[PDB]
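Working notes, beginning with the structure itself.
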Amino acid sequence: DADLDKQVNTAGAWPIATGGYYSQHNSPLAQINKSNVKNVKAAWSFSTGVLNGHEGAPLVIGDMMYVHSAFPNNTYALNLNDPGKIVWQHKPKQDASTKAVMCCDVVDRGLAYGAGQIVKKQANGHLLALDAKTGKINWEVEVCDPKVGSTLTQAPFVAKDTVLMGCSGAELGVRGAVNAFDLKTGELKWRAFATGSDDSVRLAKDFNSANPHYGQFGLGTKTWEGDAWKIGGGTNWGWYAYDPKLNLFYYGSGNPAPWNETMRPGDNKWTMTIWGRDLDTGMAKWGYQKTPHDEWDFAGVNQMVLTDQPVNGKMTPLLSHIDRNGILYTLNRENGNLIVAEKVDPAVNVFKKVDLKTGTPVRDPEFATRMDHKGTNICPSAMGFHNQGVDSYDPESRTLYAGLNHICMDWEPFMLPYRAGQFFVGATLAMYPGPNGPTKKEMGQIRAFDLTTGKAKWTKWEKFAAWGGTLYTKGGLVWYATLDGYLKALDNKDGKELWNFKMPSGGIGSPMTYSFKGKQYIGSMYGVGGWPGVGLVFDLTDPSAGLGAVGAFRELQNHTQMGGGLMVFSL
Amino acid sequence: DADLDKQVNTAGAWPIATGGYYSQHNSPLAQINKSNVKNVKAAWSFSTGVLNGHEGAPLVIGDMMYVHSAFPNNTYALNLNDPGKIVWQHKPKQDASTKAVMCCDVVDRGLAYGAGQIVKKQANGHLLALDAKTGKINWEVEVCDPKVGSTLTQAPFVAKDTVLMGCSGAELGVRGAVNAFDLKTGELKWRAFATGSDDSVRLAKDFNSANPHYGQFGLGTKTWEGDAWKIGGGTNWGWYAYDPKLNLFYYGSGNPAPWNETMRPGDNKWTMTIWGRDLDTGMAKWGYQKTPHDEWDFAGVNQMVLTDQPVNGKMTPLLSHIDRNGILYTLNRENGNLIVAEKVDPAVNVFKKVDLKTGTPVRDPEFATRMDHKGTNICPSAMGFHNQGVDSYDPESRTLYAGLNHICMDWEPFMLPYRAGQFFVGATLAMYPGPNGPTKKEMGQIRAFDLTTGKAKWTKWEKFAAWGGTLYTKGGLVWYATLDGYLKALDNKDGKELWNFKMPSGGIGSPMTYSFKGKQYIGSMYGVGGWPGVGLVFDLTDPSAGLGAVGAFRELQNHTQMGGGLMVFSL
Amino acid sequence: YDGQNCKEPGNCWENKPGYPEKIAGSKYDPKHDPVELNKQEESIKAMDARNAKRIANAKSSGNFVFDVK
Amino acid sequence: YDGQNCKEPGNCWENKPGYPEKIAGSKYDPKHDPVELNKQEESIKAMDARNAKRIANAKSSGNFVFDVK
Ligand SMILES: O=C(O)c1cc(C(=O)O)c2c(n1)C(=O)C(=O)c1cc(C(=O)O)[nH]c1-2
Ligand SMILES: O=C(O)c1cc(C(=O)O)c2c(n1)C(=O)C(=O)c1cc(C(=O)O)[nH]c1-2
Ligand SMILES: [Ca+2]
Ligand SMILES: [Ca+2]
């Protein structure tokens, strides 16, 4: 709304999790730069009093900061003039059983803000609007039902007078949908499902008119056998982007359910799709399915980054996105035209390549998955070559700094029944480091990319996956947190590490920045968890547990322990 | 043993929780001083992955640091060359029920070291010796039985080839005793009980020969009616001191049980007693009962500080101690002679004064407790004007920097039966700030004292109780953590605050210091809890809950939340 | 199955060699229970009704109450 | 009762005015059960035996085992 716009236009404020409507996750604040970053020190810290993975990052509105924890999803409001005083706090009362239907740790990716309210959700499915100054609950509504395996983890997204909120639960057969609510009252405006009839999916009359070969009408049911789409997944628990001029919001729908591909023949549209929907009606102007008939759990929910750059010398309105499937996509955000579809690392083998003309992945049968067969050395793994991390874009050099994962896998599915409220996976995995790390053990990378060509500029390897993402600040610095507990700053020119601080626990969110009384501050959550930390968090040791994640990250607990809090830095 | 002595004599090492055998909790490291403390910054941090109160402080042996958490009592070994790597760790498997019989949060006051081993205990009563380099368990024995309400929280204490360990549980009628074990094998050498026959209490033939009026033989039973001494408390869960030349160790025995004084007529010896015992035999050379027939839960377990200073011009081997009862005691540590017994704050009203000739408190009936009566405005409260905090002593100016509590109370007992495994308190309290704070709301003080006169030199007030204690370093600095989350440094000359840092959560341990690669580091645990934080930690709101502590500390949760870890600072 | 043989625009799925074109009646038949399949829709219907009541009550009373009935 | 009137050295307790010198038989009689009172000693005896066994086995075998029997 107008109030959110006011904050967005306020220098040094941070009212949106992804850094702005275009979700470039960057900042013009340049007080901290390449020459003085070595002098950055901790300013203060704040513990949430909660363990488990602490995703997302705090919001800064005016002189107030809002911090959030993992389940039970607590909110803490602080006035930057005195970080020692909790102005107000909201501590939800939720049934412990809520955690039992959360697939990948009891994480929360953050708060949102609009109309002078902090918009927050709870894992148990409630969405609330609290007064930003007092914490008073203005409205509280139900969005997801944990009894059928549906929960809330993603950050809400505010645009105009609408709050976009998507439920999680594809691992439990939850049929995904982006739900839209009135920012002032919490009333349901509409919801656009990822599968089913065109009416339920909310497709515009001219849906994909620019690219009919992507598929248009009737595919939400025609690309499934019978009613399999009813428990077909497609949940959107990642991030959104919004272009005010076009009045289009963008996001990606998740993986189809179950993981057992043999149980759901068909392209399974519209799961794994990049969307361009009208904000007012939710009607899709365009939709591009990145991974038809998923066979690897490449949940297509990753960040959408909107930029305006010259493509072959021609200024173009773009949308860029690095999917779990290891492909960096760049499309025209107005009509959905496919411009770039390149592998972020040569290890990607599920596809020989993505054909720009047919618009689909040229599949390599050797790395497919199917019943009564154990696929091996498949890249990327289900954790993908990119997950929930929020990357940053430098508008000057026109570079995206991507936090990647370099993990591959073995996979064999198996038959299982669907029972609402219970998991519906149907696959056994083994995950391990990809083949290209310097010592073949590295699982993380910070890799810079030109979004108009998909070509990399440089790479910095990390022992563990770069799960949280990166933040770019005008001083020429790429900030990011590691699973082993460090907040780091790199020279955006070559990836050279210029500064680091050992936080209490690994970070799984992306850094944020703000200004307060003449100084630039860098904020990062800490508290390892999420999918990579399930072994440590839930005391698991079986390599196959955590769907293969436990074995892959077995060494993480030798570098970090759980935690939960925020650390702030400055000069 | 000899190995411990080697570490004690190693500049920059920290092998003993209290700073050394005399427990002066100080350091000759002067790199950080009054002129440059303003430049101190966070060096690194480490989360334990555990919540609840994090008492004590880490140990530093050579280039290795050992960190400990609250229950389940985990141990983490880090080499200072790379704090990011956990060389080895020990994470105990204990029954969750153990927490149910712990009176005052599931805290752990620290590790000990001897014969190349880290000596660690567990709340469930186990005491272990682990190789300091590999973490291999050399021995593990049972010391306390949680089934009868006995647990372990205090830090073990190593002297020569002996490990001293005392069980907690007076609130559950546990009969206290100092248990002595062989450092190499874990074999029980002997145990000296706080109540009962002289044989069980282990009194030397010349016990109190220098002060017969203190009482000598047969009082362990004669000052009780019948067998009430069997469940008479007297647990020692505080700190120890040791004089190698005299081969005497010192400590204080706790409060008698139950809290209901009417249920246990008699002086209740030897609870609330300052002891001087031979290390090899455990036989007491002298014993001074500070609080005969306790009526306020003034558990006499506080720190014992050994110093050698002139008393009115004559050099004397001293022992100083600030009891829960609000009295600062200084005795001759060789024979037990009473030299000083002054109120640490004029608000103390349970006693008109302590008579130096009779050696006993001159009780004021107006502030006693008894059945069918509600005592009001009694000072100190059960939390005492001093609790488990470890204070520091500056040998140059000869000053003790005490972390005090300024809390008083209302108290009324009630009858209740004894059942092993169940609480045995028998009193309802109301606690609130003392009458002398600047705004009459302050509950904490850092007060400097001359131990030979008991007179104060200066006072710095704190909103909340100074629970953790203080550390003194030669640069002229008094370091301490606050319940609201700050680590602070004061000018030792006047108490002026020179530096502070907002840690993630309140600190309830005392700071430690060490040197590595020519640099001085200050280390402090963080993670609020203990008695002051029971309201926040256990979601309590009833002001009378936590035995009155909840009401008194109702505002703490508006300044801090739980946490668990270590923060290290340096120039 | 390389994804490049489409029966219709946007519908390029093909059964892999040795696998059926339709799983109903095959050894890979999921045999889903319609009652279970419809549970999500049923829950959403009830949930939408509860929210509608909260919205209506807040509008008429001026104060928002989650537990209104 | 100011603690200054001692019947014997180190034994200065006095009943407060209006309270009994001995609580046995009074309205403040705790009526503690003898067997219940001895529970701690009984526990320590058994515990000491378990430790003795661990110590003995460690010395004869050369390896320390907590659960030995
Ligand atoms: O299908 C879904 O609805 C769903 C939900 C979530 C989530 O909301 O945490 C994850 C995933 N899938 C899973 O694909 C995944 O890779 C993942 C990682 C994490 C995390 O926070 O580390 N969450 C999720
Ligand atoms: O009687 C006992 O054995 C016993 C044990 C403990 C403990 O070990 O934590 C405390 C106390 N009493 C109690 O007197 C007290 O003031 C207290 C505070 C704390 C703390 O860590 O904050 N523990 C204890
Ligand atoms: Ca998924
Ligand atoms: Ca006590």
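Letters for chains follow the order of the structure tokens (A, B, ...), residue numbers begin at 1 for each chain, and ligand numbers begin at 1 in the order shown.
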
*Write as a PyMOL selection string the residues around ligand 3, taking 12 Å as the cut-off and counting only C-alpha atoms and all ligand atoms.*
chain A and resi 102-104+167-176+232-238+253-259+271-272+294-302+324+381-384+387-388+423-425+531+547

Selected residues written out, C-alpha atoms, as a compact mmCIF listing (two decimals), in the first residue's frame:
```
# COMPACT_ATOMS: atom_id res chain seq x y z
CA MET A 102 6.61 -29.82 8.75
CA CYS A 103 8.92 -31.48 6.24
CA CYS A 104 12.07 -29.55 6.62
CA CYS A 167 0.96 -22.98 2.21
CA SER A 168 3.68 -25.61 2.43
CA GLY A 169 3.16 -29.36 2.32
CA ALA A 170 3.90 -30.95 -1.05
CA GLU A 171 5.71 -33.76 0.82
CA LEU A 172 2.28 -34.46 2.29
CA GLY A 173 0.39 -34.17 -0.99
CA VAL A 174 -0.87 -30.64 -0.34
CA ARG A 175 -2.28 -29.04 -3.50
CA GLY A 176 -0.50 -25.70 -3.73
CA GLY A 232 -0.54 -33.03 -6.71
CA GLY A 233 1.66 -30.60 -4.80
CA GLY A 234 2.78 -27.38 -6.43
CA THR A 235 2.96 -25.47 -3.15
CA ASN A 236 4.71 -22.08 -3.27
CA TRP A 237 6.84 -21.54 -0.17
CA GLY A 238 9.64 -19.50 -1.73
CA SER A 253 5.01 -23.21 -7.88
CA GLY A 254 6.60 -26.26 -6.26
CA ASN A 255 7.08 -29.96 -6.94
CA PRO A 256 4.30 -32.41 -7.79
CA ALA A 257 3.44 -35.08 -5.22
CA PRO A 258 4.39 -37.78 -4.55
CA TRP A 259 8.14 -37.95 -5.17
CA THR A 271 3.62 -27.52 -10.75
CA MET A 272 7.23 -26.28 -11.21
CA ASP A 294 9.34 -33.79 -11.99
CA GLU A 295 11.37 -36.85 -11.03
CA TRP A 296 13.80 -35.25 -8.58
CA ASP A 297 11.91 -32.97 -6.16
CA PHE A 298 13.23 -29.83 -7.88
CA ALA A 299 10.57 -27.74 -6.08
CA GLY A 300 10.37 -24.69 -8.34
CA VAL A 301 9.89 -22.11 -5.58
CA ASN A 302 13.17 -20.20 -5.79
CA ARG A 324 16.52 -26.30 -7.88
CA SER A 381 20.09 -33.72 -5.86
CA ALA A 382 16.64 -32.99 -4.43
CA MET A 383 18.23 -30.25 -2.31
CA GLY A 384 18.97 -28.71 -5.70
CA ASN A 387 17.34 -23.78 -2.61
CA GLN A 388 15.51 -21.16 -0.48
CA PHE A 423 3.67 -37.84 4.62
CA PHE A 424 3.44 -38.80 0.96
CA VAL A 425 7.04 -38.95 -0.31
CA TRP A 531 16.91 -29.17 5.52
CA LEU A 547 15.81 -38.04 2.89
```

*Got a sec: who's within 8 Å of stretch 211-215 of chain A, counting only C-alpha atoms, leaving out chain neighbours fewer than 3 positions off, as JSON, numbers by chain?*
{"A": [208, 219, 287, 288, 289, 336, 337, 358, 359], "C": [9, 10, 11]}

Write the residues of the preceding selection, restricted to N, CA and C atoms, as an mmCIF file, in the first residue's frame.
```
data_model
loop_
_atom_site.group_PDB
_atom_site.id
_atom_site.type_symbol
_atom_site.label_atom_id
_atom_site.label_comp_id
_atom_site.auth_asym_id
_atom_site.auth_seq_id
_atom_site.Cartn_x
_atom_site.Cartn_y
_atom_site.Cartn_z
ATOM 1 N N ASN A 208 -0.493 -17.080 -21.746
ATOM 2 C CA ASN A 208 0.574 -17.539 -22.636
ATOM 3 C C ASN A 208 0.352 -17.273 -24.121
ATOM 4 N N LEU A 219 -4.653 -27.906 -19.240
ATOM 5 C CA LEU A 219 -3.527 -28.746 -18.844
ATOM 6 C C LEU A 219 -3.401 -29.061 -17.354
ATOM 7 N N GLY A 287 2.758 -18.328 -17.865
ATOM 8 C CA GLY A 287 3.245 -19.353 -16.957
ATOM 9 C C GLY A 287 4.170 -20.282 -17.715
ATOM 10 N N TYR A 288 5.383 -20.456 -17.203
ATOM 11 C CA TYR A 288 6.366 -21.311 -17.852
ATOM 12 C C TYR A 288 6.742 -22.493 -16.965
ATOM 13 N N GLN A 289 6.438 -23.714 -17.406
ATOM 14 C CA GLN A 289 6.798 -24.878 -16.594
ATOM 15 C C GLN A 289 8.242 -25.269 -16.866
ATOM 16 N N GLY A 336 6.695 -13.440 -20.746
ATOM 17 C CA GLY A 336 7.153 -14.788 -20.454
ATOM 18 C C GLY A 336 8.121 -15.414 -21.443
ATOM 19 N N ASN A 337 8.543 -14.664 -22.458
ATOM 20 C CA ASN A 337 9.480 -15.195 -23.448
ATOM 21 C C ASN A 337 10.728 -15.752 -22.772
ATOM 22 N N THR A 358 11.740 -25.249 -28.089
ATOM 23 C CA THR A 358 10.634 -26.082 -27.629
ATOM 24 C C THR A 358 10.239 -25.638 -26.228
ATOM 25 N N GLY A 359 11.169 -24.964 -25.553
ATOM 26 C CA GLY A 359 10.929 -24.473 -24.209
ATOM 27 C C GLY A 359 10.946 -25.529 -23.120
ATOM 28 N N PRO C 9 0.503 -29.168 -27.564
ATOM 29 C CA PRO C 9 1.335 -28.101 -27.000
ATOM 30 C C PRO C 9 1.247 -28.100 -25.474
ATOM 31 N N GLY C 10 2.398 -28.163 -24.810
ATOM 32 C CA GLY C 10 2.404 -28.161 -23.358
ATOM 33 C C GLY C 10 2.109 -29.507 -22.714
ATOM 34 N N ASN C 11 1.992 -30.550 -23.529
ATOM 35 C CA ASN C 11 1.727 -31.897 -23.026
ATOM 36 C C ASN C 11 2.721 -32.798 -23.747
#
```

*When DSSP works through the backbone of this structure, what residues of chain C end up as helix (DSSP H, G or I), shown as a PyMOL selection string?*
chain C and resi 34-37+39-61

_Polymer residues at most 12 Å from residue A:34, only C-alpha atoms, same-chain spacing of 6 or more positions, as a list in words_ =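 In the requested format, the answer is residues 40, 473, 474, 475, 476, 477, 478, 479, 489, 490, 491, 492, 493, 494, 495, 496, 497, 498 and 499 of chain A.
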
Taking N, CA, C and O atoms for each residue, export the selection above as a PDB file, in the first residue's frame.
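For reference, result.pdb as written:
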```
ATOM      1  N   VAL A  40      34.895  -3.618  10.246  1.00  0.00           N
ATOM      2  CA  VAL A  40      33.538  -3.862  10.719  1.00  0.00           C
ATOM      3  C   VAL A  40      33.586  -4.741  11.967  1.00  0.00           C
ATOM      4  O   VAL A  40      34.372  -5.692  12.046  1.00  0.00           O
ATOM      5  N   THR A 473      25.742  -4.784  -1.274  1.00  0.00           N
ATOM      6  CA  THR A 473      25.662  -3.389  -0.860  1.00  0.00           C
ATOM      7  C   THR A 473      26.602  -2.582  -1.755  1.00  0.00           C
ATOM      8  O   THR A 473      27.680  -3.054  -2.135  1.00  0.00           O
ATOM      9  N   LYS A 474      26.172  -1.371  -2.098  1.00  0.00           N
ATOM     10  CA  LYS A 474      26.900  -0.486  -3.006  1.00  0.00           C
ATOM     11  C   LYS A 474      28.382  -0.256  -2.733  1.00  0.00           C
ATOM     12  O   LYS A 474      29.106   0.217  -3.610  1.00  0.00           O
ATOM     13  N   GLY A 475      28.838  -0.591  -1.532  1.00  0.00           N
ATOM     14  CA  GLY A 475      30.245  -0.427  -1.220  1.00  0.00           C
ATOM     15  C   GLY A 475      31.089  -1.450  -1.968  1.00  0.00           C
ATOM     16  O   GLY A 475      32.313  -1.476  -1.825  1.00  0.00           O
ATOM     17  N   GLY A 476      30.427  -2.294  -2.761  1.00  0.00           N
ATOM     18  CA  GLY A 476      31.115  -3.317  -3.538  1.00  0.00           C
ATOM     19  C   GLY A 476      31.336  -4.593  -2.748  1.00  0.00           C
ATOM     20  O   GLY A 476      32.354  -5.271  -2.908  1.00  0.00           O
ATOM     21  N   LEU A 477      30.360  -4.941  -1.915  1.00  0.00           N
ATOM     22  CA  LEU A 477      30.480  -6.113  -1.061  1.00  0.00           C
ATOM     23  C   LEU A 477      29.348  -7.123  -1.183  1.00  0.00           C
ATOM     24  O   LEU A 477      28.176  -6.755  -1.289  1.00  0.00           O
ATOM     25  N   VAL A 478      29.720  -8.401  -1.166  1.00  0.00           N
ATOM     26  CA  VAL A 478      28.754  -9.488  -1.229  1.00  0.00           C
ATOM     27  C   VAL A 478      28.757 -10.128   0.154  1.00  0.00           C
ATOM     28  O   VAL A 478      29.744 -10.752   0.552  1.00  0.00           O
ATOM     29  N   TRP A 479      27.661  -9.955   0.888  1.00  0.00           N
ATOM     30  CA  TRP A 479      27.541 -10.508   2.233  1.00  0.00           C
ATOM     31  C   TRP A 479      26.747 -11.806   2.227  1.00  0.00           C
ATOM     32  O   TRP A 479      25.767 -11.938   1.498  1.00  0.00           O
ATOM     33  N   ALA A 489      32.033 -11.234   3.987  1.00  0.00           N
ATOM     34  CA  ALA A 489      31.899 -10.152   3.021  1.00  0.00           C
ATOM     35  C   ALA A 489      32.959 -10.387   1.953  1.00  0.00           C
ATOM     36  O   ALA A 489      34.144 -10.522   2.267  1.00  0.00           O
ATOM     37  N   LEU A 490      32.530 -10.448   0.696  1.00  0.00           N
ATOM     38  CA  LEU A 490      33.448 -10.671  -0.413  1.00  0.00           C
ATOM     39  C   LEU A 490      33.542  -9.460  -1.320  1.00  0.00           C
ATOM     40  O   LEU A 490      32.609  -8.657  -1.408  1.00  0.00           O
ATOM     41  N   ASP A 491      34.681  -9.340  -1.993  1.00  0.00           N
ATOM     42  CA  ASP A 491      34.902  -8.277  -2.964  1.00  0.00           C
ATOM     43  C   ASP A 491      34.029  -8.747  -4.128  1.00  0.00           C
ATOM     44  O   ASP A 491      34.215  -9.856  -4.626  1.00  0.00           O
ATOM     45  N   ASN A 492      33.078  -7.928  -4.562  1.00  0.00           N
ATOM     46  CA  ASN A 492      32.198  -8.349  -5.647  1.00  0.00           C
ATOM     47  C   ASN A 492      32.909  -8.503  -6.987  1.00  0.00           C
ATOM     48  O   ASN A 492      32.377  -9.102  -7.919  1.00  0.00           O
ATOM     49  N   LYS A 493      34.126  -7.982  -7.075  1.00  0.00           N
ATOM     50  CA  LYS A 493      34.894  -8.080  -8.308  1.00  0.00           C
ATOM     51  C   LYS A 493      35.401  -9.493  -8.606  1.00  0.00           C
ATOM     52  O   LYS A 493      35.330  -9.957  -9.748  1.00  0.00           O
ATOM     53  N   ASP A 494      35.895 -10.185  -7.581  1.00  0.00           N
ATOM     54  CA  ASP A 494      36.462 -11.515  -7.776  1.00  0.00           C
ATOM     55  C   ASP A 494      36.090 -12.574  -6.743  1.00  0.00           C
ATOM     56  O   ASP A 494      36.547 -13.715  -6.834  1.00  0.00           O
ATOM     57  N   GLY A 495      35.284 -12.202  -5.755  1.00  0.00           N
ATOM     58  CA  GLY A 495      34.893 -13.161  -4.738  1.00  0.00           C
ATOM     59  C   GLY A 495      35.903 -13.307  -3.613  1.00  0.00           C
ATOM     60  O   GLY A 495      35.762 -14.184  -2.759  1.00  0.00           O
ATOM     61  N   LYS A 496      36.923 -12.456  -3.607  1.00  0.00           N
ATOM     62  CA  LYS A 496      37.938 -12.509  -2.561  1.00  0.00           C
ATOM     63  C   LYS A 496      37.294 -12.187  -1.217  1.00  0.00           C
ATOM     64  O   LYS A 496      36.551 -11.212  -1.092  1.00  0.00           O
ATOM     65  N   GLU A 497      37.576 -13.010  -0.214  1.00  0.00           N
ATOM     66  CA  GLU A 497      37.018 -12.802   1.116  1.00  0.00           C
ATOM     67  C   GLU A 497      37.769 -11.654   1.793  1.00  0.00           C
ATOM     68  O   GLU A 497      38.994 -11.700   1.946  1.00  0.00           O
ATOM     69  N   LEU A 498      37.031 -10.621   2.190  1.00  0.00           N
ATOM     70  CA  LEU A 498      37.629  -9.443   2.814  1.00  0.00           C
ATOM     71  C   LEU A 498      37.371  -9.313   4.311  1.00  0.00           C
ATOM     72  O   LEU A 498      38.091  -8.598   5.005  1.00  0.00           O
ATOM     73  N   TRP A 499      36.348 -10.004   4.805  1.00  0.00           N
ATOM     74  CA  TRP A 499      35.985  -9.918   6.215  1.00  0.00           C
ATOM     75  C   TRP A 499      35.116 -11.099   6.611  1.00  0.00           C
ATOM     76  O   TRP A 499      34.434 -11.680   5.771  1.00  0.00           O
TER      77      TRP A 499
END
```

*With a distance cut-off of 7 Å and only C-alpha atoms, select the neighbouring residues of stretch 78-90 of chain A, excluding the residue or stretch itself and same-chain residues fewer than 4 positions from it, and output the selection as a PyMOL selection string.*
(chain A and resi 63-66+74+134-135) or (chain B and resi 558-559)

*asked:* Taking only C-alpha atoms into account and nothing else, which residues of chain B lie no more than 7 Å away from chain A? Please answer as a list in words.
replied: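 That gives residues 41, 42, 44, 45, 46, 47, 48, 49, 84, 85, 86, 501, 502, 503, 504, 505, 558, 559, 561, 562 and 563 of chain B for chain B.
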
*May I have the residues within 7 Å of residue B:111 as a list in words, using only C-alpha atoms and disregarding those fewer than 4 positions away in the same chain?*
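My list of contacting residues is residues 118, 119, 120, 155 and 156 of chain B.
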
For those residues, write N, CA, C and O atoms to a file as a PDB file, in the first residue's frame.
```pdb
ATOM      1  N   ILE B 118      39.415 -33.456  31.638  1.00  0.00           N
ATOM      2  CA  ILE B 118      38.374 -32.473  31.878  1.00  0.00           C
ATOM      3  C   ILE B 118      37.463 -33.236  32.835  1.00  0.00           C
ATOM      4  O   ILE B 118      37.036 -34.353  32.536  1.00  0.00           O
ATOM      5  N   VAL B 119      37.207 -32.659  34.001  1.00  0.00           N
ATOM      6  CA  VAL B 119      36.352 -33.294  34.991  1.00  0.00           C
ATOM      7  C   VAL B 119      34.987 -32.636  34.860  1.00  0.00           C
ATOM      8  O   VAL B 119      34.844 -31.436  35.091  1.00  0.00           O
ATOM      9  N   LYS B 120      33.989 -33.427  34.477  1.00  0.00           N
ATOM     10  CA  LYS B 120      32.646 -32.900  34.263  1.00  0.00           C
ATOM     11  C   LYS B 120      31.567 -33.750  34.897  1.00  0.00           C
ATOM     12  O   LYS B 120      31.681 -34.975  34.969  1.00  0.00           O
ATOM     13  N   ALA B 155      30.316 -26.680  40.078  1.00  0.00           N
ATOM     14  CA  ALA B 155      31.508 -27.092  39.356  1.00  0.00           C
ATOM     15  C   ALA B 155      32.321 -28.022  40.248  1.00  0.00           C
ATOM     16  O   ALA B 155      32.346 -27.859  41.470  1.00  0.00           O
ATOM     17  N   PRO B 156      32.962 -29.041  39.659  1.00  0.00           N
ATOM     18  CA  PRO B 156      33.766 -29.933  40.498  1.00  0.00           C
ATOM     19  C   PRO B 156      34.980 -29.098  40.901  1.00  0.00           C
ATOM     20  O   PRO B 156      35.238 -28.056  40.298  1.00  0.00           O
TER      21      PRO B 156
END
```

_List as number ranges by chain the protein and nucleic acid residues near stretch 278-281 of chain B, meaning an atom at most 9 Å away when only C-alpha atoms are counted, but skip any in the same chain fewer than 6 places from it._
B: 159-162, 180, 189-190, 202, 204, 242, 246-249

Per residue of chain C within 7 Å of chain A, note the shortest atom pair and the distance in Å to one decimal, counting only C-alpha atoms, and order the rows by chain and increasing residue number, as a tab-separated table.
```
residue	atom	partner	partner_atom	distance
C:1	CA	A:365	CA	6.9
C:2	CA	A:363	CA	4.3
C:3	CA	A:362	CA	5.9
C:4	CA	A:362	CA	6.7
C:9	CA	A:213	CA	5.0
C:10	CA	A:215	CA	3.6
C:11	CA	A:267	CA	6.2
C:12	CA	A:267	CA	6.7
C:13	CA	A:266	CA	5.1
C:28	CA	A:263	CA	6.6
C:30	CA	A:263	CA	6.1
C:32	CA	A:418	CA	6.7
C:36	CA	A:419	CA	6.0
C:37	CA	A:230	CA	6.1
C:39	CA	A:420	CA	6.7
C:40	CA	A:148	CA	6.4
C:47	CA	A:142	CA	6.8
C:51	CA	A:141	CA	5.9
C:55	CA	A:187	CA	6.4
C:64	CA	A:139	CA	6.1
C:66	CA	A:140	CA	6.5
```

_Report as a list in words all protein, DNA and RNA residues lying within 10 Å of residue A:454, evaluated on only C-alpha atoms, omitting residues in the same chain fewer than 3 positions from it._
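Listed by chain and then number, they are residues 320, 322, 327, 328, 329, 330, 339, 340, 341, 342, 343, 344, 400, 448, 449, 450, 451 and 457 of chain A.
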
*Enumerate as JSON, numbers by chain all residues of stretch 413-480 of chain B assigned to strand (DSSP E or B) by DSSP on the backbone, naming them with the chain letters and numbers the document uses.*
{"B": [413, 427, 428, 429, 430, 431, 432, 433, 444, 445, 446, 447, 448, 449, 456, 457, 458, 459, 460, 461, 462, 469, 471, 472, 473, 477, 478, 479, 480]}

_Quick check, in Å to one decimal: how far apart do atom CA of residue A:241 and atom CA of residue A:467 lie?_
19.9 Å
